[PDB]
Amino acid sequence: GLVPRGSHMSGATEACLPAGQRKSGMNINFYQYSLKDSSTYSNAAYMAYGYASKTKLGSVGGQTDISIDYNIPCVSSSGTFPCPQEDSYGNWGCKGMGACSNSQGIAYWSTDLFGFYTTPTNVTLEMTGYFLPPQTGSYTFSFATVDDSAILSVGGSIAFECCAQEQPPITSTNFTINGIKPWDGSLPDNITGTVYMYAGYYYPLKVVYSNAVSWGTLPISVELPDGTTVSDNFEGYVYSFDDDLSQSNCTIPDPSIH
């Protein structure tokens, strides 16, 4: 037929065409989160939107390197250096540093999260922007591991509303990757979510990440339709647009027929 039939039962992921000035990178908003609170971040509502009802600490924009790798200090015989989690041992030392005199259970202050001075031991952050597929097809997003709790959402009315990136979070819990810290135990590594995307449309993207204590980890990747993998540095794929709530045509509910 003259036209494609469209994804079945309106199943295409909603995307956007913002007409404003495109900016490289994602916006990162930071919110208060309590040290050693292992329960708040176990709730879907909290991870989708509830985080923004706590105190906003600040923000940084234009971030293209979006992976989290936060290692606590080891106060060692030779000075204070960050300890890779896999190198921590005993009660406690860090391999190649000897015994550490400092507690694993207190808050620590650092700029390791996107240059923003905060407590990476205990914080919640929201990354927002738009993913621009250069290729039409299936994209598979993944978290290699999660310390401590995280979601990733893709699409208009899932991540956020088109042309409304800067607005209070929407209530959708239809996560693309659910890496929420379980109540009982934890969850596997390399948790994944797949989205079919049309080249040249802007797909809203939200990552919400939380840490309660010590090490923070969120290695973010995407597998492209060509089978190659982009890890950590999403330069060329992620962008921000200032809100334009007046741009009437901004939402594309079905890019499969637009």
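The term rigid core refers to the most C-alpha atoms you can superpose between the two forms while keeping them within 1.5 Å. In this text, residue numbers run from 1 along the sequence as written.
Put simply, when the other structures in 7 other deposited structures of this protein are lined up on the rigid core, the C-alpha atoms of 183-191 lie farther off than those of the other stretch, from 109-117 and 183-191. Higher mean CA B-factor, judged across 118-126 and 171-179 from the recorded values: 171-179. In this entry, 180-188 shows the higher mean Cα temperature factor of the pair 156-164 and 180-188. As recorded in the PDB entry, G227 shows the highest C-alpha B-factor of the residues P219, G216, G227, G200. Remark: of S34, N29, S210, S231, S231 shows the highest value [criterion: C-alpha B-factor in the PDB entry].
Ranked within its chain, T145 lands in the middle third, by CA B factor from the PDB record. The entry lists a Cα temperature factor for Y51 that places it in the middle third of the chain's modelled residues. For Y70, the recorded CA temperature factor ranks within the lowest third of the chain's modelled residues. Annotation for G98: C-alpha temperature factor in the lowest third relative to the rest of the modelled chain, per the entry. For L205, the recorded CA B-factor ranks within the lowest third of the chain. Only modelled residues enter the ranking.
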